[PDB]
Amino acid sequence: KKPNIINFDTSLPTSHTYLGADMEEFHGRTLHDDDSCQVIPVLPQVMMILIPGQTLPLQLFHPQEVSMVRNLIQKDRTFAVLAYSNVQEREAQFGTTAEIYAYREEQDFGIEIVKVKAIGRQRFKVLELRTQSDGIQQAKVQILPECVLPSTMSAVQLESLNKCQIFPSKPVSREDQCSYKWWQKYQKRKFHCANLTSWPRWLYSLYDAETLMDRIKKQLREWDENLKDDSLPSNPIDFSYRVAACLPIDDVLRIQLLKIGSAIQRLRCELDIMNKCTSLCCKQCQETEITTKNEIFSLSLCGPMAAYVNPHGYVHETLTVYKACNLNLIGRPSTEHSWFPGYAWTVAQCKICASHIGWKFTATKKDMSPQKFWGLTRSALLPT
Amino acid sequence: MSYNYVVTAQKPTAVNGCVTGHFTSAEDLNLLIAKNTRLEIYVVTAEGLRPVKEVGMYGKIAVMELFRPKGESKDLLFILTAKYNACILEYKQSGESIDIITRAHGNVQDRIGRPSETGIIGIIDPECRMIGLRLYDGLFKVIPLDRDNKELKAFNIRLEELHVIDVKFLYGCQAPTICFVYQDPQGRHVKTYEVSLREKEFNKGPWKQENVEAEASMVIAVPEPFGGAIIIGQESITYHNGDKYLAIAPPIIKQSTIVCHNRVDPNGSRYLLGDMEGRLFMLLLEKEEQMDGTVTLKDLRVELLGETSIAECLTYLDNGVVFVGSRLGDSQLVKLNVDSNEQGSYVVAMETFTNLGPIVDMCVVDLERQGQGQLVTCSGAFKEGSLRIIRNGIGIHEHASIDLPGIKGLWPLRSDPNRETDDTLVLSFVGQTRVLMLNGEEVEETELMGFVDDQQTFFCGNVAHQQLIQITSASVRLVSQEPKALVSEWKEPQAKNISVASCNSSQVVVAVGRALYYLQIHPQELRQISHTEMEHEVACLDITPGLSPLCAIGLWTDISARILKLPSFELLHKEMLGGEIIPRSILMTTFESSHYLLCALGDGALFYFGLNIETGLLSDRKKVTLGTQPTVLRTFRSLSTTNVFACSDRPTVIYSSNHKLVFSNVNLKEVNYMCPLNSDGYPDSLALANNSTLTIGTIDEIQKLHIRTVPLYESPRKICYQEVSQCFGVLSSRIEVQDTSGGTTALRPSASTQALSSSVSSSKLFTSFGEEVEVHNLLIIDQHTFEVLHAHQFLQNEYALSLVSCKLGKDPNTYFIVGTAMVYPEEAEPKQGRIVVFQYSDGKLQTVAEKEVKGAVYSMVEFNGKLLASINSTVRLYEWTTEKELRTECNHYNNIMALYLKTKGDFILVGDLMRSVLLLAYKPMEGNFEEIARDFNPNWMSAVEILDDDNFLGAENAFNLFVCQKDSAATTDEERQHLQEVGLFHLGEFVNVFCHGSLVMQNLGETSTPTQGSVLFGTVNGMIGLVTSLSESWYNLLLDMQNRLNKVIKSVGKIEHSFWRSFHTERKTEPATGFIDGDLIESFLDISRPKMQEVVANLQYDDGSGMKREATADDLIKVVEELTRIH
Ligand SMILES: N#Cc1ccc(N2CCN(Cc3ccc(COc4cccc5c4CN([C@H]4CCC(=O)NC4=O)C5=O)cc3)CC2)c(F)c1
Ligand SMILES: [Zn+2]
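Residues numbered from 1 in each chain as written, not as in the entry; some residues may be left out. Chains lettered and ligands numbered in written order. Heavy atoms only, no water. Residues with missing side-chain atoms left out of burial classes, pairs and counts.

For chain A, the count of helices and strands is seven helices and 15 strands. Here the C-alpha atoms of chain A give a radius of gyration of 23 Å, agreeing with the 21 Å that 2.2 N^0.38 yields for 384 residues. Projected onto its principal axes, the C-alpha positions of chain A cover 75 × 50 × 40 Å. In chain A, the share of contacts with a sequence separation of at least 24, taken over all contacts with a separation of at least 6, comes to 62%. (Helix = DSSP H or I, 4+ residues; strand = E, 2+ residues; numbered from the N terminus. Rg over C-alpha atoms; globule rule 2.2 N^0.38 Å. Contact = heavy atoms within 4.5 Å.)

Set out below in structure tokens:
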């Protein structure tokens, strides 16, 4: 429980200086026409459900994938990441397209190892998984559309009380008696036309966009001390994607939130999960508590969970906890490729099964969080 | 594979905009009202509003204004549709053909754009140079107003302020100038722009940005010579003209915010305001400042006029008459009399225009006539909440009406030689007896020679031997008809006062006190026949033919019908039926081609009975609730055969087909006393004398729907009907302010605070001064008098959601099951609720049972003697144990909140607000639910209903209707588990509730009707619909005839029907499929004969062998009349 002093300058982890510094950057964005079928290459050796807006680092070594990256960059820069189900071996029906923005090629070790960073952009469905003899299979991809709905009172609204539907900004910021009182009048004035329908105002508040985001922000701030507008988007779509990325949930739930096509439904699902979720247990054991619900913080602007690459290319999603339980450390704290600029990782293992639950990030300087940082991964971590 | 047919049984009533101006002609003053898709044009006169036109447009009116460009004699009307169909219309009449021609028309939507949160704004330049539309965020769309712009081509000008609240054109500018209030992170600001048509871009405003109140809502443009604008907030009203500035903060307006306004003076000296809770304010501008001819403002005094209905649109008609247009109440027409001030109110109501919306819940019950439905809705909200009863009735058309000071009785009289034409009518006041002779349309009254001016007349008809008996309390006098002079006058044998006297063609029976006399009719002589005495007081008498074989008598106390020989006192029969009160009136007739005698008591109830033609008495016992007032039964020959009129608080017409006397509720508020009439002006008509006035007219077809109100002065949420108790259980809620004493005081006398017996829930299963808290009640209401018999008040902070009236298990009793939820402002999603089982008996509500559930009970249904409840996202089945305690049987956990539950057999249709329709089946052999089919599509659903075992009907966003069908014959599981969608329609209304039933007589008819089933839906605007099924052949024929009608019928605004009915949504639009527009098919009867022939040329009408390519024209008339008869 370390409050107040959280001095890390929590933006470096979302820059990945471990993965090379002089990283070549790419100008901007792209767009795929909605409800269209395209041909997208699939980069292999990746097994993770990449939520849109989530950064994915990558190290690629094999010649086929390097050449695939090469001809991708010279023709568009988008590939496909498939949301693999519980069954492996190409048992995927949905996925997301990752766009490159950061590139470097290294000739070291007599190899053409490529260090590349991407972020997901769109959401899609695979019709059939076509396989190409080169090794890089291309799928024919159908762009699953994004649904944004109007206000639930827009249909039943009165044409007079319409100029009374632009609220003054939230008073001050993140202050009591400035929220519980502001939100009451906000609900009272926004859903005044709920009297014409057959439902109470609070029911329509359960399907509101601002209200659901506010509840998620409140609970998240209860977990970690967020900086109000600490890169949390105002758009419900982007906020839903960020929260879905940062929730410590199992794979089936991520696939389920990936299936949802509307922001409001996604937010209701996320509240259901994070209100019904208390403990996170070791998947290989399903018997030992390494964590809890209140003990989750963020050194990254992307939240308590982020995607990182070890020097062997494997991708890990890491969760930060103050004081982990039932973990044993082995090895001296070393800092060759620590993903956090200033700490020294020590591998931790389950007290019974001895699985790579994560790392303990001990400090190096003295004006840091002192040896209290467990970056546990998801390979053995099931919500319970 | 749906093939449905949707029709409107009652047009929308809620007003969402009204204007006035010289529209029909430059001399007339017209009031134009848009209710939704309907535009009604009235003419303002001294007596009130005279309707001129009703035109139905192919869209929802979002904006209308009246403008007059140069070179025009009368105003044109610019109407914009909710689908962005702009049009400019012009009134044109030639004697009798009334036409609204379309001057211009065009869609003005944009290919890309999010519609504004504050909605569509439509404004017109006061000099009539341009039309400004704010449809989309950050874009002001401008339509130049030129004679050559007949397609309404428009251009977009960029607005840098994305959040624009209100914008209007200023008055008195050389070039068009707009002024608007917008939102910024720094606060709210007012700004002005100079729109330039040639440059097609804005310019610099005459007066720059000024900071305004943080809650500035409306801008009103003050006309010359003041100029400038007035911005009204929640606490202050400010006037801006650049250098000139005023601001006031009156405390009278702090209670509620102003939402509507309307200028009342052509020079803008006074303005009229209305607020959210419905009170009229009166802004006053003083022009006392005048330096060198310039007129400048000096004060902003605000005055409160009074309290009216909750208004959405105000309008000032001529001579201090204000039309208060309500949308969630009733429209009003009030007077701004400044001298009345009876207790401090400047307003008095003149008229009240009915408004059924918003219909929150509705039910079909057989209140009066078995087989024919009656609709009971839950209309209005806040203080206008009411119960409204909709009924089919035989409306009466009035020919000639002359007001009367509440006549107490009328009788036709003839003062001419016998020619089957009665040109006179003897009235009957309390003690006075006037006679008015009306050969044509005359209303002057002259006293008859044979009767005194004031004698308290009882019977005055046509006496025998060409005479006229004008009876009175003192004596029975008959005056010769042709000589117009008295020939005989027999005094009462007992020398007393005669109360009830009955006269027939040949025999007369007059009763005084407890003794009666029978007198024969003789030429110029009143020859007494006999006399008799009664055991008790003679309440009523009747001798129906001319010597009757029996007489009628009722007792004041015993209240038993006695029948005896006409020429003596020899009794023949008697019978006592209840006898709760004195029998108001008893009469016998042969309307059913058989001898029947009916009695009507003082409570309005009626007891039919049978009688023999020669001699003998039958029982034929039946109880009828005609009304809550005494019923003066009468017979009028100008009918099918005889019929019967039962005048009461709710008048009725009795008519028998073969042996079942059916009731036709006449479409009138009150009739009091009635009579036939055979005058030359109105032959074979009826003269009715209502409490306030009187009329003479005829009857019409059933093409009428009557709405009777029951105000509750609070919002009614849900309604159910209990037959065994003859009662209505209605949920309701009232707003109570939190006073500084720990309690909650009310705001006005509501139906919950004015009940006979009251209760407060007492269960133990588990702020700021000024906050409004909602208090929920279950009211038990009588079905006849509509008086609140009971009012149960629930716990604090408990919201009652649902209500069902049903019997469970083997228990003979019927109960009210109410599902509640404990909601607290701190928490968003309730954690605990309560299922409470009440039982109404002996005029007292007793809590039979309590169950505590963990969640909100959003809905409940009666699933084959087992209560089916939806606690949050879990559907649960309860069994009524023999110990009167609910027990859990089976659960089913969903990922959606089961807001909607509809059952048909063993098929639970489950919904949520996200249009995630799900189907469940309850397998009984194992006792658990199973999922059959699923249809998930992100969209807002308002309602859902099970049409039949395969098709499910629902309403969703952008006022649409849809029909989903499961293919149970599919050989693939993925299609079996999927609900294919087979019907789309743009209804144009927001439907809250679906219910099975029909408002017309349920006749099997052997051959039945092509329409199978009937589902009624209620909308926010107050429009009742009706959807039925059709066969494939009829669907194809009606579709072809619809497509051929679309090329003949010319719509106003030239909106294509295909576009108007196409399934619309903010993201995607599709054509309507599987739905037949009943309004269009029904409008086919109103077209002319050449258009009649143009529509039908190759329809291939016959389907029962052959095609008969001619198809005629009267075959489609027969088909369309058959479709007309279903509602
Ligand atoms: N074909 C082919 C091919 C060609 C070339 C290859 N090269 C081999 C040599 N590699 C250099 C090297 C190796 C070894 C280290 C030690 O670091 C390791 C080792 C193993 C796992 C992890 C770490 C660190 N670490 C976490 C701990 C938590 C934290 O904070 N951060 C982390 O990174 C791990 O999980 C450092 C540098 C470069 C690549 C190749 F591997 C394949
Ligand atoms: Zn373990």
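Before going further, it helps to examine the overall build of chain B. Assigned secondary structure in chain B consists of six helices and 87 strands. Principal-axis analysis of the C-alpha atoms places the extent of chain B at approximately 100 × 90 × 80 Å.

Moving on to the interface of chain B and chain A. Each side of the interface is counted separately: chain B has 52 residues, and chain A has 39 residues. Secondary structure elements with two or more residues in the side of chain B that touches chain A: β14 (164-169), β22 (258-263), β63 (715-722) and β68 (798-806) of chain B. Along the lines of polarity and charge, the residues of the side of chain B that touches chain A split into 30 nonpolar, nine polar and 13 charged. (Nonpolar A, V, L, I, M, F, W, Y, C, P; charged D, E, K, R; others polar.)

Residue and element names in this part refer to chain A. Each assigned domain of chain A is listed here: domain 1 (1-18 + 278-384), domain 2 (35-143) and domain 3 (204-276). Listed per partner, the contact involves eleven residues of domain 2 and eleven residues of domain 3. Within the residue set of the side of domain 2 that touches domain 3, elements represented by two or more residues are β4 (78-84) and β5 (92-105). Of the residues in the side of domain 2 that touches domain 3, the class split is six nonpolar, four polar and one charged. (Domains from an automatic or database assignment.)

Residue and element names in this part refer to chain B. Within the open sheet, the three strands sit side by side as β40-β41-β42. Their pairing is antiparallel. On the outer flanks of this sheet lie β40 (467-471) and β42 (485-491), each paired with one strand and no other. Across the sheet, the mean angle separating the axes of adjacent strands is 20° when strand polarity is ignored. When β40 meets strand β41 (residues 475-480), the two strands line up antiparallel, connected through five bridges. Within β41, the position partnered with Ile471 by the bridge is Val476. (Pairing = 2+ DSSP bridges. Axes fitted to C-alpha atoms, helices over the stretch in contact; angles between N-to-C directions.)

This part is about the UniProt feature "binding site: Zn(2+)" in chain A. All names here are of chain A. Listed under "binding site: Zn(2+)" in the UniProt record, and renumbered for this structure, are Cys282, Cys285, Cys350 and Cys353. Considering the C-alpha atoms alone, the annotated residues occupy 72 residues of sequence yet fold into one spot, their largest mutual distance being 8.9 Å. Within the secondary structure, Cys282 is located in the loop between β8 (280-281) and β9 (305-309). Among all residues touching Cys282, those that are not within four sequence positions of it are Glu287, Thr288, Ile290, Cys350, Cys353, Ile357, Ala380 and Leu382. Structurally, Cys353 can be placed in the loop between β12 (343-350) and β13 (356-363). (UniProt positions renumbered as here; feature names shortened; annotations may be inferred.)

Once that is clear, we can look at the sheet that holds strand β13 (residues 155-158) of chain B. Residue and element names in this part refer to chain B. Ordered by their spatial adjacency, four strands build an open sheet running β10-β11-β12-β13, and the pairing between neighbours is antiparallel. On the outer flanks of this sheet lie β10 (121-124) and β13, each paired with one strand and no other. Each neighbouring strand pair of the sheet contributes to a mean axis angle of 25°, computed without reference to strand direction. Strand direction decides the pairing type here: β10 and strand β11 (residues 130-136), joined by four bridges, are antiparallel. The residue bridging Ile124 from the neighbouring strand is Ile131, located in β11.

Further remarks concern the environment of A:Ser198. Among the secondary structure elements, A:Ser198 is positioned in the loop between α2 (180-190) and α3 (201-205). The sequence separation of A:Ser198 and A:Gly375 amounts to 177 residues, and the corresponding C-alpha distance is 49 Å.

Glancing now at the packing of helix α4 (residues 209-223) of chain A against helix α5 (residues 236-246) of chain A. Residue and element names in this part refer to chain A. Interhelical geometry of α4 versus α5 gives an angle of 30° and a closest axis separation of 11 Å. The angle between the axes of α4 and α5 places the two elements in the roughly parallel class. Crossing of α4 over α5 shows left-handed handedness. Residues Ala209, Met213, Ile216 and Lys217 of α4 touch α5, and the partners they reach there are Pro236, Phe239 and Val243. Of the residues in the contact of α4 with α5, the class split is six nonpolar, no polar and one charged. (Parallel < 35°, antiparallel > 145°, perpendicular 65-115°, else oblique. Left-handed = near helix turned anticlockwise from the far one by under 90°.)

Our next topic: the packing of aromatic side chains. Between the aromatic rings of A:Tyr18 and A:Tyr308, the centroid separation amounts to 6.2 Å while the plane-to-plane angle is 75°, which identifies the pairing as edge-to-face. Here A:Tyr18 is found in the segment before β1 (24-25), whereas its partner A:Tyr308 is found in strand β9, with 290 residues between them in sequence. When the ring of A:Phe340 is compared with that of A:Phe361, the centres are 4.8 Å apart and the planes differ by 80°; the resulting orientation is edge-to-face. In this pair, A:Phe340 sits in the loop between β11 (327-329) and β12 while A:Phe361 sits in strand β13, placing the two residues 21 residues apart along the sequence. Pairwise contacts between aromatic rings join A:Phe8, A:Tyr18, A:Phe297, A:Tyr308, A:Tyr322, A:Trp339, A:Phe340, A:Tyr343, A:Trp359, A:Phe361 and A:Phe373 into one cluster. Of note, A:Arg268 hangs over the ring of A:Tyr207, and the distance from its end group to the ring centre comes to 4.9 Å. Taking NZ or CZ as reference, B:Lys83 lies 5.3 Å from the ring centre of B:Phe1059, over its face. (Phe/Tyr/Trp six-rings, centres within 6.5 Å; stacked < 30°, edge-to-face > 60°. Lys NZ or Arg CZ within 6 Å of the ring centre and 35° of its normal.)

Moving on, we get to the side chain of B:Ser309. Residues and elements named next belong to chain B. Of note, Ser309 is situated in the loop between β27 (302-307) and β28 (311-313). At 3.3 Å, the side chain of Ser309 forms a polar contact with the side chain of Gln332. Look past the residues within four positions of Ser309 in its chain and what remains in contact with it is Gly278, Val324, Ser326, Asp330, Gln332, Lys383 and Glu384. (Polar contact = N/O pair within 3.5 Å; in protein donor to acceptor, adjacent residues only side chain to side chain.)

Attention now moves to the environment of B:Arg748. Considering the arrangement of structural elements, one finds B:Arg748 in the loop between β64 (727-737) and β65 (757-760). Through-space distance from the C-alpha of B:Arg748 to that of B:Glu714 is 9.3 Å; in sequence the pair is 34 residues apart.

So, about the packing of helix α2 (residues 1032-1045) of chain B against helix α6 (residues 1114-1124) of chain B. All names here are of chain B. Two numbers describe how α2 lies on α6: the axes approach to 13 Å, and their chain directions differ by 110°. On the basis of the axis angle, α2 is roughly perpendicular to α6. α2 and α6 meet at a crossing whose hand is left-handed. From α2, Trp1034, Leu1037, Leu1038 and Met1041 reach across to α6, where they touch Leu1116, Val1119, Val1120 and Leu1123. Taken together, the residues of the contact of α2 with α6 sort by class into eight nonpolar, no polar and no charged.

Within the element layout of this structure, A:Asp367 appears in the loop between β13 and β14 (374-376). Along the chain, A:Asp367 and A:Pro63 lie 304 residues apart, while their C-alpha atoms are 44 Å from each other.

Before going further, it helps to examine the pattern of salt bridges. One salt bridge in this structure joins A:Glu106 and A:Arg104, with 3.7 Å as the shortest N-O distance. Two residues, B:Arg915 and B:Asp935, come together in a salt bridge whose shortest N-O distance is 2.4 Å. Placement of the pair is B:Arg915 in the loop between β77 (907-911) and β78 (917-923) and B:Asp935 in strand β79 (residues 928-935), with a sequence separation of 20 residues. Connected through shared salt-bridge partners, B:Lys866, B:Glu879, B:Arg887 and B:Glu889 make up one network. (Salt bridge = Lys/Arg side-chain N within 4 Å of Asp/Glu carboxyl O.)

This part covers unusual backbone geometry. Residue B:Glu224 is joined to B:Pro225 through a cis peptide bond whose omega torsion reads 5°. Mapping B:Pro225 onto the fold places it in the loop between β18 (218-221) and β19 (229-232). Unlike most non-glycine residues, A:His16 shows phi in positive territory, near 55°. If you check the backbone angles, B:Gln726 has positive phi at about 55° while not being a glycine. Position of B:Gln726 among the secondary structure elements: in the loop between β63 and β64.

We now examine the side chain of A:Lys360. All names here are of chain A. Position of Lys360 relative to the elements: it lies in strand β13. Reaching out from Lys360, the side chain makes a polar contact with the backbone oxygen of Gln371 at a distance of 3.3 Å. Excluding residues that lie within four positions of it along the chain, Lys360 makes contacts with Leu329, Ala344, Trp345, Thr346, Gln371, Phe373 and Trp374.

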